[PDB]
Every structure is written in C-alpha cells, then in structure tokens.
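Worksheet for the structure shown next.
All heavy atoms count here, side chains included; hydrogens, waters and symmetry mates do not. Sequence lines set the chain letters: A, B, ... in the order given, protein chains first and strands last, and positions in each chain run from 1.
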Amino acid sequence: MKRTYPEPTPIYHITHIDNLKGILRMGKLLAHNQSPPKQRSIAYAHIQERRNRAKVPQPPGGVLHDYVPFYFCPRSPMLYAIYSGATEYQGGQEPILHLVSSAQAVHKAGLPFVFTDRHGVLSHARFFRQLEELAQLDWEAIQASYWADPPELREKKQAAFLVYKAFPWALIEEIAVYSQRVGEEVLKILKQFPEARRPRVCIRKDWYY
DNA sequence: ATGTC
C-alpha cells in the first residue's frame, strides 16, 4: 500500500539561474567546501552553519558541506521558504532551477555518494551507501504536497542524496523551470557552452508554489 | 495550509 521509489530514482538540486554560468564554466556542481563560483545564495545561513559542521558517518566521511546536495522531490520545503521571501534572498521562486538526475546515474558513474532518510542536519538522521536502502525512505513523505505537519513527515520529506565534492554536469538529464521567460534564459546560457550537454528544459509549474 | 531548523 505504501509507495515505493521509482526506478530510475530522480534526484533534484535547486539553484538560482545566476549560478548556471558558473556550473557550466566549472563543468560541474561543486560542494560548498569546494568554493563554487556562485553568484546567488538562496540558503538559510543559520542552517548552512549546521551543515558546515555536520559529520557524515559513512565513507567517504567529512561533513555535509563536502557533498553536493539533492532531494528526492521537487517543490521542496526549502523552495517554500524561497517562494515566501523568508530567505535573505528576495528574488522569489521564479529564477530557481530544478537540476534533475538519478541516483542510479551516480552509482553507474562510480561517484562516491551517501543518502539520508531525513533532513540531514538532524542528529537522528540515518545515513546509507547502498541503493537497496532507498527502501528505508518514506516515499509518501517525499511526495507529499502538504508537508508542514506532522513532524515525522516534515523531517522525512527532506531526505537527501549527497554526492562527494563534485557532480559532473554531463549527469544532469533535465532542467525544470517555473516560466517560459526563465526557460529561454537557461537555453541562452547553455548555448554559450557548446561542448556541454544541453538537457531538456521543461516548464513544470507544479514543481513550484 | 506549508515561511529547510
């Protein structure tokens, strides 16, 4: 009766469109501790500071800031904080891209990864290395459109897929966007990097608030 | 409904 994970299992990384040039110039997403040439932070600083010191207890270890973060859903709680202007960033959701890949693409590429069953800064989050352990996650919570309550559902919606240090651009399969205007601006940027993969750019308003 | 905790 409880939902299982789709296979392939989508993973989602949100970023401001003002960072896409830097992603294509580096040819990869870089983890926070790898000093990405980001133009626009859409994070909470006070939770960023927790990620900065949160130990990852599975090899290859380090801290959460050593990994490129993905969720297993679009339309994240983080995106709600952005949509509602609760962040220092005041631009709203419209310039926020969903970069899409899959857990299985990462495994087949032989990149080191870990994943969690819930918001990764929580002291009781479980960490996993084996894709069979996707069965440990709560796929009802991950897909829930109303996630404010109950508390367990809220935590488990924010299970993370964590790729150590860097995520190659070549593994991104789709860029989802809010609006035609932002789609067009993404294709203009991609065309400045003709050697790079050009993933399909899809308007998915249902991935936004 | 939901302002990542």
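Here A:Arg75 lies in heavy-atom contact (under 4.0 Å) with a base. Note on A:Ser76: nothing from the nucleic acid sits closer than 4.0 angstrom, heavy atoms only.
Using the six-membered ring where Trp is involved, A:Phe70 and A:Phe167 have ring planes that are tilted, between 30° and 60° apart.
Salt bridge status for A:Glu94 with A:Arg181: absent, with no side-chain N to carboxylate O gap under 4.0 Å.
The NZ atom of A:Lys157 sits 14 Å away from the P atom of B:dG3 (whole-angstrom rounding). Atom CD in A:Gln93 sits about 13 Å away from atom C1' in B:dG3, given to the nearest Å. In this structure, A:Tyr44 places its OH atom 13 Å from P of B:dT2, rounding to the nearest Å. Atom OH in A:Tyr71 sits about 14 Å away from atom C1' in B:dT2, given to the nearest Å. Atoms CZ (A:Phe161) and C1' (B:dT4) sit 20 Å apart, rounded to a whole Å. A straight line from CE of A:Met78 to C1' of B:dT4 spans 7 Å, rounded to a whole angstrom. In this entry the distance linking CG of A:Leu153 with P of B:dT4 reads 14 Å, nearest Å. Note: CD1 (A:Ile82) to P (B:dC5) measures 13 Å, nearest angstrom.
Of the listed nucleotides (B:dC5, B:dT2, B:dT4), B:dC5 has the atom at the smallest distance from the side chain of A:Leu122.
With rounding to the nearest 0.5 angstrom, the CG atom of A:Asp66 is 10.0 Å from the NE2 atom of A:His32.
Screening A:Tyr12, A:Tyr5, A:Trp139 against A:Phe72 for a side chain to side chain contact (heavy atoms under 4.5 Å, CB included) leaves a single residue, A:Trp139. With A:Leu99 as the partner, the side chain to side chain contact (heavy atoms under 4.5 Å, CB included) test is satisfied by one option alone out of A:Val68, A:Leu171, A:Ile14, A:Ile23: A:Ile23.
Centre separation under 5.5 Å together with a plane angle under 30° holds for the ring of A:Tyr146 and the six-membered base ring of B:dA1, marking them as stacked. The ring of A:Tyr80 does not lie on top of the base of B:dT4; it is either too far (5.5 Å or more) or too tilted (30° or more).
Residue A:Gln158 places at least one side-chain N or O closer than 4.0 Å to OP1 or OP2 of B:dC5. Between A:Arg154 and B:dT4, a side-chain N or O to OP1/OP2 separation shorter than 4.0 Å is present.
One can find a donor-acceptor pair under 3.5 Å joining the base of B:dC5 and the side-chain atoms of A:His46.
In this structure, A:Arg50 and A:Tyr83 both approach DNA chain B, and ranking their closest nucleotides by distance from the 5' end singles out A:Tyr83.
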